[PDB]
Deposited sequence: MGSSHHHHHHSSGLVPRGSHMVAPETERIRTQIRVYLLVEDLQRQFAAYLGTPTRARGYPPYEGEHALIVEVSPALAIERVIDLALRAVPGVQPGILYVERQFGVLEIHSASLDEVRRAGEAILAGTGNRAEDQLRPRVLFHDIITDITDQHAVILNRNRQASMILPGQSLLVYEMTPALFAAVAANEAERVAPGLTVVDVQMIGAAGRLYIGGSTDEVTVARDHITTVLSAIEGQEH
């Protein structure tokens, strides 16, 4: 009855990525991210986690057009694992029955024009990209996988700028600004991470 699309431990949160919403996560804490179908089943999923481990906090809970999304976090890695396990047990699913990440698009725009940069910035928010910087774009599905890609990219290239991360919808989208080599190091690494993630076929 409950199909799990994404089930992932994101360990050791980087500080930029830490920024529908509930309690906000902080740098160094750990997260469990779950995407499911049908969307409304996510309400049973969150009760399963919160009643097993009172010490974890909900950061995202949203019922989208098709899918249901959840993020929970804690300072203790042991606590998040245990919440993940209660979800798997209460729904009769396994971790490797999730969908495998499917890459939809990626590219590097070097030396973004100023007119491109200014319009980019106003239906993003949070961080911004400045004219002259290089831009990496990356699209995947299921959408919630954008989360782990963002965190890993920042990990290996800490000088980069997280411009935007869309984790909810039909597809996930990542925007990263920096020097041409920072964004190349990030792109190469993301591809590796996603290919190594185990799951079934769409």
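Undergrad: Relative to the deposited sequence numbered from 1, which residue ranges are unmodelled?
TA: Unobserved in coordinates, per deposited numbering: 1 to 29, 49 to 55.
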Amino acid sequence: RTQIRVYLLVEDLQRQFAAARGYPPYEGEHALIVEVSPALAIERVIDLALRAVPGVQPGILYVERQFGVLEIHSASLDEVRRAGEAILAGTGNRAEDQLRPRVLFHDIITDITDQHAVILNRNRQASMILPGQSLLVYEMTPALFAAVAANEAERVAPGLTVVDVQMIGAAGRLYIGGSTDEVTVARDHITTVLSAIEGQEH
From here on, numbers count along this sequence of modelled residues.
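Undergrad: Which has the higher mean CA temperature factor in the PDB entry, 173 to 181 or 139 to 147?
TA: The stretch with the larger average C-alpha B-factor is 173 to 181.
Undergrad: Comparing 55 to 63 with 158 to 166, where is the mean C-alpha B-factor higher?
TA: According to the entry, 158 to 166 carries the higher average C-alpha B-factor.
Undergrad: Name the residue from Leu88, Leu130, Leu77, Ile72 with the greatest C-alpha temperature factor listed in the entry.
TA: Max CA B-factor in the entry, restricted to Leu88, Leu130, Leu77, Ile72: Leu130.
Undergrad: Determine which member of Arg94, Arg124, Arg100, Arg81 has the highest CA B-factor, using the values in the deposited entry.
TA: That would be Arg124, according to the entry.
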